[PDB]
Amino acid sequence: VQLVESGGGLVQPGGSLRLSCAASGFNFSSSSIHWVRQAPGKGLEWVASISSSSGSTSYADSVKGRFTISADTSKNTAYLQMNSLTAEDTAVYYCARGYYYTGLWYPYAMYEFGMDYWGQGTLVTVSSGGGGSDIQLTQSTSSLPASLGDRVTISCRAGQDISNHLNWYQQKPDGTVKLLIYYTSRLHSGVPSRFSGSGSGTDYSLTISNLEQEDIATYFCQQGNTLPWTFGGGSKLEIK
């Protein structure tokens, strides 16, 4: 018994690709063929299946409307036509045979289901693209409760040098967002002087010189050095 995938390769965002799965060693006409994919460093994701005897096909919600699975019983081969590919679709694509039998009694369920045989997989890469890649921003102290007159400092560390192109935002509980600081230390219009910012290279900091009740909020950093622009994970201010 074996399954051999082919058709993988490098594809532009929004492009198309057709994968094949050549099978041998079992009765293809009575089998079900499944496509399962695995994005770099992530888990298995089931994508589509076809029953040869009934012709019925099923698709994951994540690919519905873009993928079409088909099979030529005489070639013992199954196919996955993939359209409108994006980075979310980059992955090794596996084909697998789903073994099962169908109940003869209502509700006619599947019994003894298992993907007992798997191909070696074929790699699909959606290029990026030609964009940059994410610069990571790591915040601390995220969620440190202080007192209603304290000086408070939130820090941001960028994964590479961002040349002082670092901005700070405040998000209130109601979801409203305001710019506080831009270019490391420049105050946006209307922002109280008790906010200040410091740093250079990869390390940056936001300080509130004395905490007021209206400062209860979540604070985010953001680099504007390179596209795509990226944010830190947020630091929630709480009162003790």
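Start at 1 and count along the sequence shown; that's the residue number.
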- Look over 118 to 126 and 131 to 139 in the entry and identify the one with the greater average Cα temperature factor. 131 to 139
- Note on the structure: For 82 to 90 versus 154 to 162, entry-based mean Cα B-factors point to 154 to 162
- Just grab whichever of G65, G43, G199, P173 has the top CA B-factor as deposited. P173
- The largest CA temperature factor among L148, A71, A96, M110 is found at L148
- Report the third (lowest, middle or highest) to which the CA temperature factor of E214 belongs, ranking only the modelled residues of the same chain. highest
- Ranked against its chain, the third holding the CA B-factor of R194: highest
- Task: Grab the CA temperature factor for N225 from the record and place it in the lowest, middle or highest third of its chain.
- Result: middle
- Third assignment of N27 from its chain's C-alpha B-factors: highest
- Assigned third (lowest, middle, highest) for the C-alpha B factor of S51: middle
